[PDB]
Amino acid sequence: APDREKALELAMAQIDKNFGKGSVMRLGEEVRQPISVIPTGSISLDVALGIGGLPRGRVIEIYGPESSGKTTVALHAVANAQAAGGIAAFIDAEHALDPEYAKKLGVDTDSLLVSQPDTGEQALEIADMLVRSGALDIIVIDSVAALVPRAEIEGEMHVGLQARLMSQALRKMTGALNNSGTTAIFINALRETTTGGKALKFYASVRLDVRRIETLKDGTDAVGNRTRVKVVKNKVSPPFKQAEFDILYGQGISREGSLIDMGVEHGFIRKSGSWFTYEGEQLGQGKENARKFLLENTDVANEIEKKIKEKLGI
């Protein structure tokens, strides 16, 4: 009577039904759940996510050391939800946002709702209220850590409160997020759990481990920094995939850079040691020269984007 593959699928099906699609998956499964997404700003990360971007109506955690590139991704996500006509909100407990930098990443600052709460409770309630209006495509909360409880803020001499705070708010908010379809990005700067990163680990549909890995030099001097993101949790597509990309000083994710990495790995652009070539024409010697080439030769790149796009999904 026993036929494993048969029994297994019956079990997996039963599992998803009882707990939700994505409760169990084969790591190599080719996901076919289009959903609705907010492109990450990084083509590769969109691919790593398996669905083309951050899922809508879900809790997203983006953690890692400072200057890891978390905020950049958050800002790009906002920029993209806006181009699609979405409205964005920013719950700020850090007072670090640099609107001029955000504009550069394409964010329409003037339309950005910003709120600087007095307490963690207040910050999450304001977020809950904004979300339940169903009017937002995305909402980013700067600093899970910054969400300190009112009592602490007022000198209360008694603990476990800030994590409990993140739990209860997350319990209430997820419902509205799904109904509204608003993607909520919690930025968690570390020094995976910043007091309340505890409940966030379970409530999230996606958790991004962001980390700096290399300083982009090309020549002796610095041009920017390369970031590596690992999708440690993904309840909508097989997890653990990884992605890398360049964020040049004063710029967001380098599109050209992403086109040069995927293009090389997917054979569209050949790379003999030190020289990048594309179907019968030189791009230059050195990751950076190629970037320069693609920045200028806008016609190229678009086709390379085209090809890389078609090859996976546009």
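Start at 1 and count along the sequence shown; that's the residue number.
- Going from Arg171 to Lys172, you skip over nothing: the modelled chain follows the deposited sequence without a break.
- Between 303-311 and 4-12, it is 303-311 that carries the larger average Cα temperature factor according to the deposited entry.
- Higher average CA B factor: 266-274, of the stretches 243-251 and 266-274.
- Taking only the listed residues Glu156, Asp209, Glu94, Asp137, the entry reports the highest CA temperature factor at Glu156.
- Highest CA B-factor among the listed residues (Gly64, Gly257, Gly28, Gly280): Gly280.
- In this PDB entry, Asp98 carries a Cα temperature factor that places it within the lowest third of its chain's modelled residues.
- Per-chain ranking of the deposited C-alpha B factor places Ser68 in the middle third.
- Annotation for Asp221: C-alpha temperature factor in the highest third relative to the rest of the modelled chain, per the entry.
- Sorting the modelled residues of the chain by their CA temperature factor places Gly196 in the highest third.
- For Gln122, the recorded CA B-factor ranks within the middle third of the chain. Only modelled residues enter the ranking.
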